[PDB]
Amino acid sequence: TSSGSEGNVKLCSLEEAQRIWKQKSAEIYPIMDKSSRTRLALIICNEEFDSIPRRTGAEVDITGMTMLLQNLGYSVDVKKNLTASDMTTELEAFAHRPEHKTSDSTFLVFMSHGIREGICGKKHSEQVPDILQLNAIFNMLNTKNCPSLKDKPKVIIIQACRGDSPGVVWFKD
């Protein structure tokens, strides 16, 4: 049923969980006990911009991703319409959260306009670029800047353009 905490996410049975734990040896990330673990996730979504078009439909993505990560057992922080500087400050704050210590993993979701160099903040324009680089997200969440997530899977999801090109070439069949 979808009435439970996992909603529309298909459940892993006890037999399937043991099958996975048997098919692969000591090559799976350890999962913390459900009763005590404090899983955290962060969604940053920019929809309203100063100089670039509005990202109509972003609410559907926010809803979808928030519910999904909650279904998977994560407490979801949702932050909206931030500059790159605000994103950096929010990322640093996220890296400092005590709950990561009693967590086994994290998810980071970024949704915005994007260019080749990275993700657009709310104030972005060609004249004055407001960009957060992917490199910076990694740096802020690595072992040096986020020791609490050492040895723990950190999943980063980015919905954004990475340039102006259509991503296609023609061929004759």
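Only the largest set of C-alpha atoms that superpose within 1.5 Å between the two forms is called the rigid core. In case it trips you up, residue 1 is the first one in the sequence shown, and so on.
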With everything overlaid on the rigid core, name the stretch, 22-30 or 117-125, whose CA atoms wander farther on average in 6 other deposited structures of this protein.
-> 22-30
The stretch carrying the higher mean Cα B factor in the deposited entry, 103-111 or 59-67, is 59-67
Would you determine, from the values in the PDB entry, which of 127-135 and 35-43 has the greater average C-alpha temperature factor?
-> 127-135
Third assignment of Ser51 from its chain's C-alpha B-factors | highest
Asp164: CA temperature factor from the record, placed by chain third, in the middle
Entry-reported Cα temperature factor of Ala26, expressed as the chain third it lands in = highest
